[PDB]
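Please read the structure below before turning to the comments.
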Amino acid sequence: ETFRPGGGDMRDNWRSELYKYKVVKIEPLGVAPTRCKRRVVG
Amino acid sequence: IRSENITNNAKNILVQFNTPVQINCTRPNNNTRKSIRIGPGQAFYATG
Amino acid sequence: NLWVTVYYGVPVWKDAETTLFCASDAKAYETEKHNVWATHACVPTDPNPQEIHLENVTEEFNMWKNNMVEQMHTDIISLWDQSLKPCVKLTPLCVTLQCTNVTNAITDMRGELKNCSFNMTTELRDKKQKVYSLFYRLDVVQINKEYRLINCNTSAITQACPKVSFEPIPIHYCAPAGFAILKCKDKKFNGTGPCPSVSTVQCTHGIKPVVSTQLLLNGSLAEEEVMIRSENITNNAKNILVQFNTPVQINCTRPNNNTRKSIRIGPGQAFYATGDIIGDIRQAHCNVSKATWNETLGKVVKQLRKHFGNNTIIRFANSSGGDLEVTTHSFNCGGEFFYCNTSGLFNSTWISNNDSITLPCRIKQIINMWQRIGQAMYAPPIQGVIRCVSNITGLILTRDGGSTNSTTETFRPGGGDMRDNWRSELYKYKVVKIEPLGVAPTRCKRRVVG
Amino acid sequence: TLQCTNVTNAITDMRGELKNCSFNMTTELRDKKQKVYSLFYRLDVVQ
Amino acid sequence: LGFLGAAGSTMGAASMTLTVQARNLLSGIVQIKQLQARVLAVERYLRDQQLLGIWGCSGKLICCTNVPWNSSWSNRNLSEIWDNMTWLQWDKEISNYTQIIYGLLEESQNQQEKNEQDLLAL
Amino acid sequence: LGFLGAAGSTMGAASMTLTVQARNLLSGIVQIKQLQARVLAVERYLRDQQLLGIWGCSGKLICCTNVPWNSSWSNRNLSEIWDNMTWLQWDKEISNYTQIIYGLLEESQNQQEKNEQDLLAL
Amino acid sequence: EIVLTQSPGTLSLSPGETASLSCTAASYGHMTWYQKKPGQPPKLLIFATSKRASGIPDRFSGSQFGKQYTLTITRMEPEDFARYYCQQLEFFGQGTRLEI
Amino acid sequence: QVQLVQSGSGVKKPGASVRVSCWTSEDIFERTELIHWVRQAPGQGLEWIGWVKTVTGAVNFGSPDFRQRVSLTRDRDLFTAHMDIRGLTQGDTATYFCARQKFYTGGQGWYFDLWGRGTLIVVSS
Ligand SMILES: *[C@@H]1O[C@H](CO)[C@@H](O[C@@H]2O[C@H](CO)[C@@H](O[C@@H]3O[C@H](CO[C@H]4O[C@H](CO)[C@@H](O)[C@H](O)[C@@H]4O)[C@@H](O)[C@H](O)[C@@H]3O)[C@H](O)[C@H]2NC(C)=O)[C@H](O)[C@H]1NC(C)=O
Ligand SMILES: *[C@@H]1O[C@H](CO)[C@@H](O[C@@H]2O[C@H](CO)[C@@H](O[C@@H]3O[C@H](CO)[C@@H](O)[C@H](O)[C@@H]3O)[C@H](O)[C@H]2NC(C)=O)[C@H](O)[C@H]1NC(C)=O
Ligand SMILES: *[C@@H]1O[C@H](CO)[C@@H](O[C@@H]2O[C@H](CO)[C@@H](O)[C@H](O)[C@H]2NC(C)=O)[C@H](O)[C@H]1NC(C)=O
Ligand SMILES: *[C@@H]1O[C@H](CO)[C@@H](O[C@@H]2O[C@H](CO)[C@@H](O)[C@H](O)[C@H]2NC(C)=O)[C@H](O)[C@H]1NC(C)=O
Ligand SMILES: *[C@@H]1O[C@H](CO)[C@@H](O[C@@H]2O[C@H](CO)[C@@H](O)[C@H](O)[C@H]2NC(C)=O)[C@H](O)[C@H]1NC(C)=O
Ligand SMILES: *[C@@H]1O[C@H](CO)[C@@H](O[C@@H]2O[C@H](CO)[C@@H](O)[C@H](O)[C@H]2NC(C)=O)[C@H](O)[C@H]1NC(C)=O
Ligand SMILES: *[C@@H]1O[C@H](CO)[C@@H](O[C@@H]2O[C@H](CO)[C@@H](O)[C@H](O)[C@H]2NC(C)=O)[C@H](O)[C@H]1NC(C)=O
Ligand SMILES: *[C@@H]1O[C@H](CO)[C@@H](O[C@@H]2O[C@H](CO)[C@@H](O)[C@H](O)[C@H]2NC(C)=O)[C@H](O)[C@H]1NC(C)=O
Ligand SMILES: *[C@@H]1O[C@H](CO)[C@@H](O[C@@H]2O[C@H](CO)[C@@H](O)[C@H](O)[C@H]2NC(C)=O)[C@H](O)[C@H]1NC(C)=O
Ligand SMILES: *[C@@H]1O[C@H](CO)[C@@H](O[C@@H]2O[C@H](CO)[C@@H](O)[C@H](O)[C@H]2NC(C)=O)[C@H](O)[C@H]1NC(C)=O
Ligand SMILES: *[C@@H]1O[C@H](CO)[C@@H](O[C@@H]2O[C@H](CO)[C@@H](O)[C@H](O)[C@H]2NC(C)=O)[C@H](O)[C@H]1NC(C)=O
Ligand SMILES: *[C@@H]1O[C@H](CO)[C@@H](O[C@@H]2O[C@H](CO)[C@@H](O)[C@H](O)[C@H]2NC(C)=O)[C@H](O)[C@H]1NC(C)=O
Ligand SMILES: *[C@@H]1O[C@H](CO)[C@@H](O[C@@H]2O[C@H](CO)[C@@H](O)[C@H](O)[C@H]2NC(C)=O)[C@H](O)[C@H]1NC(C)=O
Ligand SMILES: *[C@@H]1O[C@H](CO)[C@@H](O[C@@H]2O[C@H](CO)[C@@H](O)[C@H](O)[C@H]2NC(C)=O)[C@H](O)[C@H]1NC(C)=O
Ligand SMILES: *[C@@H]1O[C@H](CO)[C@@H](O[C@@H]2O[C@H](CO)[C@@H](O)[C@H](O)[C@H]2NC(C)=O)[C@H](O)[C@H]1NC(C)=O
Ligand SMILES: *[C@@H]1O[C@H](CO)[C@@H](O)[C@H](O)[C@H]1NC(C)=O
Ligand SMILES: *[C@@H]1O[C@H](CO)[C@@H](O)[C@H](O)[C@H]1NC(C)=O
Ligand SMILES: *[C@@H]1O[C@H](CO)[C@@H](O)[C@H](O)[C@H]1NC(C)=O
Ligand SMILES: *[C@@H]1O[C@H](CO)[C@@H](O)[C@H](O)[C@H]1NC(C)=O
Ligand SMILES: *[C@@H]1O[C@H](CO)[C@@H](O)[C@H](O)[C@H]1NC(C)=O
Ligand SMILES: *[C@@H]1O[C@H](CO)[C@@H](O)[C@H](O)[C@H]1NC(C)=O
Ligand SMILES: *[C@@H]1O[C@H](CO)[C@@H](O)[C@H](O)[C@H]1NC(C)=O
Ligand SMILES: *[C@@H]1O[C@H](CO)[C@@H](O)[C@H](O)[C@H]1NC(C)=O
Ligand SMILES: *[C@@H]1O[C@H](CO)[C@@H](O)[C@H](O)[C@H]1NC(C)=O
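As structure tokens, this is what we get:
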């Protein structure tokens, strides 16, 4: 097999540093079961 | 060795050395500079 | 036993800086839609009086550290530059001028009037015209018959748009929500140290962007006495703000029906230049009441002795030298720019124990604002009539240096740093931020109910 | 338009990399012209 | 009194105006520099509201907690503080412990009360 | 456990840190694309508060309703969910139930309780 | 009255001991200190705040009370032997010289 | 500790005028609020002469004798300054120095952070 220098697309340089990182968003809303009835006093 | 794929020769390979290879680069030789106005205050720099 | 309680809305503030909102009188915009300081859009002036006198509250002030001065300075410059940015691009205008003095003039041999005609471009690339435009001596240099504009080696010479008024428009500065402006009510305040009584106001009031050099013009007057204010007394690098408690009226005029010529130097590229002058030509000048000037200086001298002793002599002198802007008094009137010789005001010595002073002036059309390097504005001529009436409210003075063998001190005009003009109006105000969280001891323990 | 030849009277390292060129350049005045001279690299110019 | 007029009054007396202070632009509401100022005013407002939520004090100007007062930071009587001081003076005396008190409010009152309520709820 | 440290814990254990998550920029509070980012954070924050207000859960980290749980939504045990799962897994587990649940909370509890309470008040 | 005066004047030193110089002045101005060797321009040593100037190898310090300021020079090292001058705004003292 | 570039030394006849000049980098010049001149005669302590403001050209001198015999100028485009002395006497033989201050506020006091090597002016028969 033969290998040569190539590319020249600068985005490949940036990727060599950014590969370690990922961007995510935090979503607070959630729901789950319990035994509570939400007792109400009126 | 990292790439998007290994069968598609259109893709580039990032080699990622675990050690640096050091290089010295230099440029000769005391080239002087000339400052030329080419219009009102329009400084142009050129090799002397 | 005591517990922690929380109080939202507690009336506590801390020193802080924030960008202030620009407010102005919208009516000024309606009468002059192209005015430089007339915001296209702004916050209303909010003239309403202070709701709060902050009884039994004192606060520390320091006008020399007040950054609202920098905000005023920055905004004035930014508005100036943007309003003139698109106007003409006259930098290509500069060509070799070839000429001699004006002849067959009525005159007042003054070397002030130069009759110059130079080759210039036209609407068509292929055609040329001769301009024959007059110039003031101050705007030109010799290469001796060959001349060039004095700023030709600067980046560009650009004409101010003829539509733009340069009259100062009052600018009020208002707090962002959550912030407030405090005002010192102390009489004769040094503008520094603890203030015996303060008040809270939504906005500043009465501030105008008046540009001047040696004299402070159309500013606020001291309520009781002339104030001497400075960052220090012993440091001669620092300027002194005189702060009169009374106005001194000064009249300035300019002759004489100078006509205007409109020249196209390219497609739609209007260029205005001074045409012939009707009748005689007299040197421009200003008049200061002599009697008023005595009372004015006498009060200044009495205050200066408080810092130097009553066995002293206060001497005044004309300028130390330097650029035209610092050595002469300068102002903008009618859109025209003047430089005036003030030495007639300072030829006196003050020793412990219908007349008027005429001050000659000169006019130049090329102005480098705020001591900026490489850039210049060309003022279009004002068509024949300048009349000015103004209130001198103070001077910017410096103290002479060196050791003495006597109690004599000498003062001269100085400064030239425009930020010091702004300080004369802004020293009364301070910007603070309100904190809404407070904690105090209580008898309650928050009994839980559920 | 540039008019020129190779650099001469150089100490050198005939490498063709540098040329000594001159041209009619504008000045601060519309009415005056100047000769700039100075050096150019081969990569920046074409015939 | 008016906005911040209360500053010259005693701490106890000043409490009468807490609503007034809330009305007088504490809300962050303003009738490109101006845009940035509007955004900042809002952020400052919301931050403080978040603290009240964290302490279980949301919706109230005055709130009691179960956290004991560290008297060593004032060395004053309860009535002395409420009647003989202004809020401006007071804030300086306890300014060093703001972070401590805020942490105590979360741990000792708000998270625990909610967890105890969950036990009652179930 | 610090910001998102709770992600490695069980759903039950994670509940201890809900305040911490609220503090760690959930609030949208900052320490011209940068300006737009600040505005977005505020809009996202306020939206979530509105939703809690619609549910009548505003001001609380933990809130109950009289709307019954559907065992068919997960087919898991109560203790299984709280002790043997993370919140990341749980969100995926009931992720298609948000539209119905959100509607039920408003319709079955919040508007109804307020109307009934008003009648008692009259 | 001389506005700024300096003392002790020229003095003999012994390396290993710490030296001191002082000056006094009228009208309470800030004092700064400089030193020079023959044939050289002077160098800034001490700020108005007593802060050490950049380029100073941690051997200089000082303080004041009222109208008098005193500086010290660590261990009287021979490298520091120089003419020394006290400054207050426009005035300089007559200076001192360090000798062994 | 950047040295300012100082003009060369020389000898003048009494009554002659002399110009003294100094230069620096554009970064140093722009940062400098004041350029000061000082003098040291052989056997004497240092004497302050005066300063020129880099922005406005305003000038402040010590003894009035200097004011009559000395003029200070500056040029912002060349990053330089000049001192013009006229009416030289034998008593004016001294080393002259160019020095700079970048301290902008009150309470900091005066400083001379940067110095030229200085130059010698000799006045004689
Ligand atoms: C122009 O700038 C000058 C320099 O900053 C200002 O001079 C300062 O003026 C204040 C007020 O007069 C002086 O403070 C006095 O200090 C003496 C005693 O020494 C003090 O410092 C020592 C050492 O830390 C300390 O131990 C003492 O207890 C004092 O704190 C007091 O007796 C006076 O009551 C008063 O506090 C400054 O010392 C003085 N600074 C200098 C460097 O001289 C000048 O006032 C400014 N001018 C204007 C018009 O503002
Ligand atoms: C832009 O053009 C102006 C005007 O020509 C330049 O100002 C001129 O600069 C020269 C060189 O410094 C000055 O020459 C001096 O004349 C005095 C006369 O006795 C002589 O003693 C000096 O040795 C020197 O020759 C000239 O006077 C001065 N012109 C004016 C009106 O002040 C300016 O320097 C140019 N800008 C640039 C960046 O070159
Ligand atoms: C790269 O290596 C070459 C060869 O060693 C260096 O060139 C030598 O530089 C020394 C400098 O004193 C000369 O004496 C030799 O004669 C040079 N060798 C030649 C010209 O073949 C070269 O400088 C190095 N490049 C660097 C360090 O950038
Ligand atoms: C490159 O140019 C610099 C000047 O810009 C030269 O520096 C000179 O060095 C000599 C050494 O003794 C000095 O005497 C000169 O005064 C320096 N010049 C200046 C303007 O100060 C440097 O030597 C040059 N290098 C080469 C290879 O010529
Ligand atoms: C400047 O010089 C020009 C040229 O002489 C003056 O314009 C001339 O005025 C005479 C007077 O009758 C006319 O006959 C000429 O035809 C005019 N020249 C042109 C080109 O028409 C001009 O008035 C002078 N300006 C000043 C201020 O003296
Ligand atoms: C414009 O007028 C000035 C002043 O008269 C002329 O300059 C003077 O020319 C005479 C000779 O004709 C000299 O003796 C004076 O010393 C000159 N004055 C100076 C140089 O200030 C000027 O030549 C006339 N027009 C020009 C110079 O184009
Ligand atoms: C500036 O001009 C005004 C007029 O525009 C002068 O005011 C006049 O002064 C005379 C003095 O005898 C009065 O009789 C007039 O009635 C005044 N005219 C008014 C008030 O409209 C003013 O004195 C001039 N100022 C100076 C310094 O000369
Ligand atoms: C400044 O004062 C002078 C002197 O009073 C005024 O000049 C006089 O103006 C009148 C106008 O009718 C003439 O009749 C006098 O002959 C002038 N005196 C002269 C020329 O000495 C001058 O106008 C005043 N300047 C103002 C008011 O701006
Ligand atoms: C200044 O120029 C104006 C014109 O712009 C002159 O106004 C003239 O005034 C006389 C008065 O009798 C009228 O008859 C003319 O018709 C006016 N010309 C116009 C309106 O264009 C004014 O007189 C000039 N001033 C001087 C001193 O000449
Ligand atoms: C400012 O003060 C200086 C003196 O320090 C004035 O100098 C006079 O200038 C004129 C014109 O060149 C000379 O004829 C005088 O002899 C100078 N007086 C001297 C040297 O004592 C200066 O005129 C004053 N104001 C100015 C010139 O506007
Ligand atoms: C400022 O005004 C004074 C006073 O008029 C000027 O000094 C006069 O200058 C003229 C020459 O232009 C001399 O003939 C007078 O004798 C001078 N009067 C004196 C010395 O009392 C001074 O030059 C002016 N400053 C300028 C124009 O910059
Ligand atoms: C100079 O100050 C005087 C005094 O403050 C100003 O005259 C006053 O103007 C106000 C507003 O029009 C009047 O209400 C006062 O009655 C005037 N005082 C008088 C007439 O004694 C004068 O307008 C100021 N001059 C300038 C140019 O602002
Ligand atoms: C490029 O060409 C110019 C012009 O021939 C050379 O500069 C000339 O050098 C000679 C000899 O010293 C001088 O007599 C001429 O006056 C110079 N011309 C100019 C315009 O200064 C320049 O040295 C050449 N550049 C090289 C060879 O690198
Ligand atoms: C500001 O100071 C005044 C004067 O001391 C205060 O007036 C108080 O009024 C009440 C009325 O019942 C008296 O009991 C107080 O004795 C007065 N002063 C004091 C110190 O007790 C005023 O309350 C102070 N600040 C305010 C009112 O906000
Ligand atoms: C991450 O997983 C480890 C287990 O691999 C968890 O360790 C638990 O530690 C508690 C301490 O009392 C034990 O009771 C548990 O039995 C341990 N888990 C297991 C599976 O043995 C660790 O707590 C987990 N991380 C987080 C944040 O909960
Ligand atoms: C226009 O250019 C010609 C060129 O010969 C010159 O003679 C003439 O004086 C110029 N006219 C001017 C500068 O007004
Ligand atoms: C001005 O400063 C002096 C300095 O001590 C002070 O005594 C005086 O009260 C101050 N005055 C005002 C009005 O601030
Ligand atoms: C100014 O007042 C003093 C003192 O009365 C007087 O001697 C002097 O001549 C006056 N100056 C004038 C009137 O120009
Ligand atoms: C440059 O301009 C001059 C005239 O000023 C002309 O003679 C010359 O031919 C032009 N260029 C060259 C290479 O000659
Ligand atoms: C606290 O206040 C009470 C009531 O005035 C007083 O009796 C007691 O001595 C005070 N405690 C102090 C001052 O430590
Ligand atoms: C707060 O603590 C710091 C030391 O950590 C101390 O320097 C400061 O003065 C203290 N503040 C108060 C109000 O005591
Ligand atoms: C549970 O799912 C069934 C599916 O048919 C649905 O009919 C029922 O209403 C759901 N219960 C709730 C509380 O949504
Ligand atoms: C809970 O565990 C019991 C164990 O017997 C099982 O029968 C029941 O179905 C489980 N519930 C679930 C999985 O929802
Ligand atoms: C949501 O719908 C998709 C559709 O195929 C399904 O695969 C997924 O399991 C569903 N998730 C839930 C929580 O029902």
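Residue numbers (the authors' numbering), protein chains in the order written: chain E, 466 to 507; chain Y, 272 to 309, 312 to 321; chain C, 33 to 140, 150 to 184, 188 to 309, 312 to 321, 321A, 322 to 398, 411 to 507; chain P, 128 to 140, 150 to 183; chain W, 520 to 550, 573 to 663; chain Z, 520 to 550, 573 to 663; chain R, 1 to 27, 30 to 91, 96 to 106; chain F, 1 to 35, 35A, 36 to 52, 52A to 52B, 53 to 82, 82A to 82C, 83 to 100, 100A to 100F, 101 to 113. Note that the Cβ used here is the ideal one computed from N, Cα and C, for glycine as well.
By the C-beta criterion, the stretch 442-457 of chain C is judged not to be in contact with the stretch 201-221 of chain C, since fewer than 3 inter-stretch pairs fall below 8 Å.
In chain order, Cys23, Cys88, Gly99, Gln100, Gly101 and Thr102 place their CB closer than 7 Å to the CB of R:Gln6, counting only its own chain and leaving out the 5 sequence neighbours on each side. The Cβ-Cβ distance between C:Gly495 and C:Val42 falls below 8 Å. Taking C:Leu111 as the centre and dropping the five residues before and after it, the same chain places the C-beta of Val68 and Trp69 closer than 7 Å to its C-beta, in chain order. In the structure shown, R:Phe83 adopts coil according to DSSP, grouped into three states. Taking a cut-off of 8 Å on C-beta distances, the stretch 520-537 of chain Z does not touch the stretch 523-533 of chain W, as fewer than three cross pairs fall below it. Taking each of C:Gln293, C:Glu102, C:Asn99 and C:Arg273 in turn and checking the Cα distance to C:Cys445, the smallest one comes out for C:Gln293.
Distances from the alpha-carbon of Z:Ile635 to those of Z:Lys601, Z:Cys605 and Z:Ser613 put Z:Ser613 closest. Following the DSSP letters along the chain, one finds C:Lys335 in no beta strand (DSSP E) but inside the alpha helix (DSSP H) bounded by residues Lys335 to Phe353. Assigned with DSSP and collapsed to three states, W:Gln575 falls in helix. A distance criterion of 7 Å places the beta-carbon of F:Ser17 beyond contact range of ligand 16, judged by its closest non-hydrogen atom.
In the structure shown, P:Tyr173 falls within a coil segment according to DSSP collapsed to helix, strand and coil. DSSP places R:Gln42 in the coil class of the three-state scheme, outside both helix and strand.
Under the three-state reduction of DSSP, W:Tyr643 is assigned to helix. Using a Cβ-Cβ cut-off of 8 Å, W:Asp632 counts as an interface residue toward chain C, since at least one Cβ of chain C sits closer than that to its own. Going by beta carbons, C:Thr248 and C:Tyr486 fall inside the 8 Å limit. For ligand 14, residues qualifying as neighbours are C:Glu87, C:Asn88, W:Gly527 and W:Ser528, where qualification means a beta carbon closer than 5 Å to at least one of its heavy atoms (chain order). According to the DSSP assignment, C:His105 belongs to the alpha helix (DSSP H) that extends over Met100 to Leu116. Contact of Y:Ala281 with chain P by beta-carbon distance below 9 Å is absent, the smallest such distance being about 29 Å. Spanning the alpha carbons of E:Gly473 and C:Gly473 requires a straight line of approximately 55 Å. For W:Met530, the enclosing alpha helix (DSSP H) starts and ends at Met530 to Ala533.
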